[PDB]
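The figures here come from the full heavy-atom set of this structure, side chains too, leaving out hydrogens, waters and symmetry mates. We name chains A, B, ... by the order of the sequence lines, and we start the count at 1 in each one.
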Amino acid sequence: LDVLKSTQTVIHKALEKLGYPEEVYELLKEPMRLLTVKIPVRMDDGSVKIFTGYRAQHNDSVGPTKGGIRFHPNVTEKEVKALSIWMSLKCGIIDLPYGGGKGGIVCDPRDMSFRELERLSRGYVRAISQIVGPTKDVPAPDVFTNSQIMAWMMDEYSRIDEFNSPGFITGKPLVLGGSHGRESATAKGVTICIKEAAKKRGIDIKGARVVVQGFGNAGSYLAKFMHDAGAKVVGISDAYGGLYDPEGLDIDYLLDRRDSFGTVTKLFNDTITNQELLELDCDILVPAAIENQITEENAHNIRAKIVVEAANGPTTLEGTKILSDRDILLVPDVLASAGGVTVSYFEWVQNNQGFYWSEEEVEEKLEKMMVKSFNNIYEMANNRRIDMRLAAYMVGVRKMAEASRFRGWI
Amino acid sequence: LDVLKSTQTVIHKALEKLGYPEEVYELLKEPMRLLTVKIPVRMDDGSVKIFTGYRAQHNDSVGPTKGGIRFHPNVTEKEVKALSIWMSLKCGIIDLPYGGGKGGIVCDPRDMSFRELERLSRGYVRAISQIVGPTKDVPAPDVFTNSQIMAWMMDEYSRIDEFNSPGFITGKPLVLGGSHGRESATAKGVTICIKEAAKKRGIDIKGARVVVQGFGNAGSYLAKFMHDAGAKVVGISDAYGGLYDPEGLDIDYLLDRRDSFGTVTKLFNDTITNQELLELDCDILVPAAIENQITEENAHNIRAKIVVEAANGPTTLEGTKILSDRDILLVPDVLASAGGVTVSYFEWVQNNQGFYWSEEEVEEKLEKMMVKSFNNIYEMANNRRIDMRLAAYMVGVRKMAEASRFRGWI
Amino acid sequence: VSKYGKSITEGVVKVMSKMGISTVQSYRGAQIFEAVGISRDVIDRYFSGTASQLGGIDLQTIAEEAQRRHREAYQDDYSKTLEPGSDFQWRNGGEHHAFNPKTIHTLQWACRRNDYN
Amino acid sequence: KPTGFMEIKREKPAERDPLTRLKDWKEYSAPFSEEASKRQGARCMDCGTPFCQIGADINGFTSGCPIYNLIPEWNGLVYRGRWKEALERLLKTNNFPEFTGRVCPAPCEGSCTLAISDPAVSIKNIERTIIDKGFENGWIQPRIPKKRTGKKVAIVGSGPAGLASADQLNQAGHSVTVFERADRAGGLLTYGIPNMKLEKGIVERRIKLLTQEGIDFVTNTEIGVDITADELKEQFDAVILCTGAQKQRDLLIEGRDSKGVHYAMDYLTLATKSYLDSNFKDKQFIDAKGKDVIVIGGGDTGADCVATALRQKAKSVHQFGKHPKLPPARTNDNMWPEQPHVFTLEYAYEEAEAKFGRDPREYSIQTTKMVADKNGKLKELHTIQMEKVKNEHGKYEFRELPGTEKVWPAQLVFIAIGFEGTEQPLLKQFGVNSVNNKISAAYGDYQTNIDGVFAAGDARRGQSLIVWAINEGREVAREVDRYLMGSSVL
Ligand SMILES: Cc1cc2nc3c(=O)[nH]c(=O)nc-3n(C[C@H](O)[C@H](O)[C@H](O)COP(=O)(O)OP(=O)(O)OC[C@H]3O[C@@H](n4cnc5c(N)ncnc54)[C@H](O)[C@@H]3O)c2cc1C
Ligand code: SF4
Ligand code: SF4
């Protein structure tokens, strides 16, 4: 159940499969830096409130740590450490010159005001200014954090360091040194993963019977992108049930201005089949509605030749093993959702250079990077006769382990 | 288990007595900068071991944090935080321009070796190098640390910073920038406190009967100082027992026969146990030995007019209450044992100046500082019908609270 | 602990006084012990200057004894108690004692009967 | 410098009045209180070379504890007040101290240093107190040996030797089986020993503990026609033989044919079985409340028979024994190391003396019997006086006195003048040999003629005691463990 313990376990099995001693696991299981700070913030009522903040750095052997910051009241040291490890895994998978980093603050932005949030971000930056920077630790946004907060953090760090430091933090607006493609990063990444998986298999993108459990934001975006060439069969889990069931029919482009807040696309009173439809003889599957939708009971029921994960923990180990035995391709979420990290890396590169690219350049570089990562993972998985998830984990930890061994820490 | 809670309680009580609001307690209850690090160390056998290190900084409003490093297997975050707060209290009591700091490493120096200890010290210094320095955090020695370890840390910091930094760490040898009086500091402070208490109570030091429980370096130096001042030492104790002589104990001969560990008892001669040594007829009693020695049963049997807690926590709450009822002047450890901190501060000053003082200068400066602190605490405890322990806690927290308020953190 | 240390030191002082040595410094270098059942080869190799009239066991035998004691102690998978000693008392199944109960009662009976068998 | 043996006098624990003790078939003694136990343990001197621990036969009589009990050690522990440690040290040697604390005659008490010119220390009572306190505090629980190697020993007989061997093998890690003919396991303890001296509740509790351990007793099996030695050996590695010794010798004299003569073993077994089943209400035993009882052949069996008759309220009960009465003090040729041979006046006799007012007497001696009555039920018993004299070369011999003819009424007769070896040649399925009805075996290295078969207990020792049986069982357990595996700690 413990997220940290689960992460340590997956790291352990990946290292064991790669054939590394136990000291490598002992080093990589726990981050080498965990800073806990107390931030005094003056609220709009004249009172002073003490906020708790955490910053975890996992490994700097490969390069400066890269990590997001989340403003949530349920953050914890264990969660921050686990997320730092996961970020390190993603960076290793994409072959970035980054390490694992993460940050968090115990707060409720829904209750906090604009000025209060600005003061809190500035105080957090002031507190952690000693162990962060463009060469040590690069923050980024996460849940309940956005470009305004990133800009405030950038301003505070620039004031501290007496010069502009755009590359210290990513996720900034364009005027302050932002990068294009930030919004569509994850959806684009899943699209490239799907295309490369289809190319590796014998499936083409013309028919492309696609089942999606999304239809919300990312699901709608990927469905729209697929609609140009492929087709649709059924859409599930639209926050109300199986409201969409074309069953062999396509959907007109309806991405102009529509949201699930009021109805889904046309009307909420349309015919509804049931909550879970699944099944059907499709060739592409995109499950992203909730955590752990696929279980042992329904593992054999699905009839999709390719499955691409777009959410966090949509499948279990038993389901992954069943799909691998059935020879159904399964793209891990850790690889599918790396577009945001890749775009943040591009923004960091642009800040370092002083030259800012265009949307086309960002798209082509993202395509190259994700295609290379997918090919490496697929080849290694075939060579080792293992599953894609384990292959991705081993690819992620290999860079960190080799860097540590080369530098002599183990 | 409850050390941090107890420290929080005493801080709360002191702040309530001083009249400060609750935000001051909220700020001062926990440190605002806690760092946890993992240190890989190569051992003699060739293997690699990962040690866990902690560094806590309670406050920096007054000035750079001052703390100690201990090499024990039972160190914990709670203990480190509590001891950092206690160090802040000591610095405030002595009126130093310091904050509170505390370092710790989970290790067993008994099983570790010379080279392994050097490597571990260097690794710890490297891990915490990002938040420490002569202007940020000044470490010192604690349990299982000494001048050699301090020298290793100093060499590490200089090797990092490209120039020598003697003031980064105290407790060094004389050749590396150490200060005179580093061994007799605690005993001299206890002597100063005893003399001031005797002056306040009207007891003449000439001919005053002194009993010392513990004949380590501190006990031996204290006995020598009383003998020089003219007071008669009627009782000493060591690991094997104690001696009693109302007319004097020949401290010169006892010191001459004193060994490295401080044993002075004969072999075929019966000795006096500590339980009945504490009950001897004397004017001054000085426990500089193991803790939890004065309780309800022996509080009434104690015949000393003044009791000075040279060691750490040799008295309980019930014993303090009974002594206050009996009108026995108690000098707390947090004040009596501040000589080491004061001498470390003098060493820091000498490193800053580049000029190193002499034994006489150190003696006189320590005398003035300790006399001022003792007088302030006594006047506070006379103006307010409270105990010297509470007065010392209030004096310690007052400076930190005022500095935080002035700087605007609350 | 303190009492044990003091008593042990006093006993060592008495042992030195037996030979008349008044100082542990001298006793440390001096070998005031004589072996009974140790090979002269082992003595010369490791206990040079010590006396062994009859020689005796070898290093292999010493190692075998130590290994045997260690092995039985570490296995010992029946009892959670220490076996009774037989150094200064006689216990059934323990070390042999010349004046065992059988010998004592037989001698007493023979002397009281004035009997020969 | 303890002086307890000088400044303290021997005492006894609470004992029910003999007159009222015949109304109930319960314990006739109680354990020492804490203070009394401490005072009595203070008497022990921490004996140098304790003679209360030799455990060997001297002049044909056992002296000391055959199981090598740490008597001085737990005496000192009791004096100091340490009860858990005393129980642990006691269990280090004796696995069934509850039985010995109230059954053993305590030859250790007789063969102790303090026995010279002063009474000995109540070793048996102290042991009983220790075990009773341990049971009441619940410190005795199954050990549950985590190590269990597939091995079977299939002990035969539920006597104390069998229970001890089963416990030792189970602790070693061998899953054994104990076969018993009778419904209730315990061997002599369950049936032969009276409930008065040893209530069967403690025995049943001990078997329950053994079953929880994993002995897996099986009852109602003669292991003869029911189960054969061939299949026994085929299905088991070792089999052991804890058959005991129940064969009883008889008198080949005329007159021992009239109905009314039954074995003491059978009478006691029937009485105890009826008491356990339906409180002597099924009438499946022998009752002589209105019938005279003559028991010939003294000893434990005779005392038990007399006690049973007294509780049954027989009108007259008499005990016959050829050997002369014991003196009140040690003789010249009987000093302390030897087992004392003085007057005892144990249970079953003080009760008779206290109750019988018309005939306040017992212990008819120098006469067993001669030719009895006939023609149906018993009517009278004939007795003639016998004397021990020296003949030929100073050897004791029995001479009858013609002028001492006398007759007594006897409607019920019991024979307890000795015992024979195990039940042979009835159990001739095995090839084990014998010389005097005792299976051929030697103390230590109990291997018999047949590999995988080991003699044990009274079957090879003749007539012995519970402590002897326990010791023998422990030794055979060690030997069989060594044979099966090669090494055996105990
Ligand atoms: C105070 C005192 C009083 C005593 N009173 C008596 C007394 O009255 N009578 C007496 O006889 N002894 C008496 N004894 C002696 C004592 O009871 C025995 O010496 C001892 O208990 C026998 O040991 P054992 O292990 O052979 O037990 P046993 O009981 O002899 O063990 C064998 C058991 O298995 C049974 N058995 C026989 N053949 C088989 C078979 N083929 N398969 C399975 N089970 C079989 C036997 O009937 C018996 O129950 C007394 C001792 C003391 C100290
Ligand atoms: S009473 Fe028995 S056990 Fe105690 S010292 Fe005397 S002989 Fe030994
Ligand atoms: S078992 Fe018998 S001989 Fe052994 S100590 Fe107990 S009473 Fe004495």
Part of D:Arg89 lying under 4.5 Å from any heavy atom of chain C: side chain
Carboxylate-amine/guanidinium proximity below 4.0 Å for C:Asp41 and C:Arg45: yes
Chain D contact via C:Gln75 - side chain, backbone, both or neither, heavy atoms under 4.5 Å: neither
Aromatic plane relationship, C:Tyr74 with C:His70 - under 30° parallel, 30 to 60° tilted, over 60° perpendicular: tilted
D:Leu91 versus chain C, the contacting section by heavy-atom distance below 4.5 Å: neither
Which atoms of D:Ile54 approach chain C - backbone, side chain, both or neither, heavy atom under 4.5 Å: both
Salt bridge (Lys or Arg N to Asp or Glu O under 4.0 Å) evaluation trace for D:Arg206 with D:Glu98: CA-CA 9 Å; D:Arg206 173 55 64 182; D:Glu98 51 245 43; 3.0 Å; yes
Proximity breakdown for D:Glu338 and chain C, heavy-atom pairs closer than 4.5 Å: both
Test applied, side-chain hydrogen bond (donor to acceptor under 3.5 Å, both in side chains); reference residue, D:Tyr446; option that passes from D:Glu472, D:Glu475, D:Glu479: D:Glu472
Verdict with supporting geometry, C:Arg68 and C:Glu72, salt bridge (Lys or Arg N to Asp or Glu O under 4.0 Å): CA-CA 6 Å; C:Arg68 178 181 304 183; C:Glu72 325 153 89; 5.6 Å; no
D:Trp336 and D:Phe51 aromatic centres sub-6.0 Å: yes
Side chain, backbone, both or neither of C:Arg113 within contact of chain D (heavy atoms, under 4.5 Å): side chain
C:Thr81 portion near chain D, given a 4.5 angstrom heavy-atom threshold: both
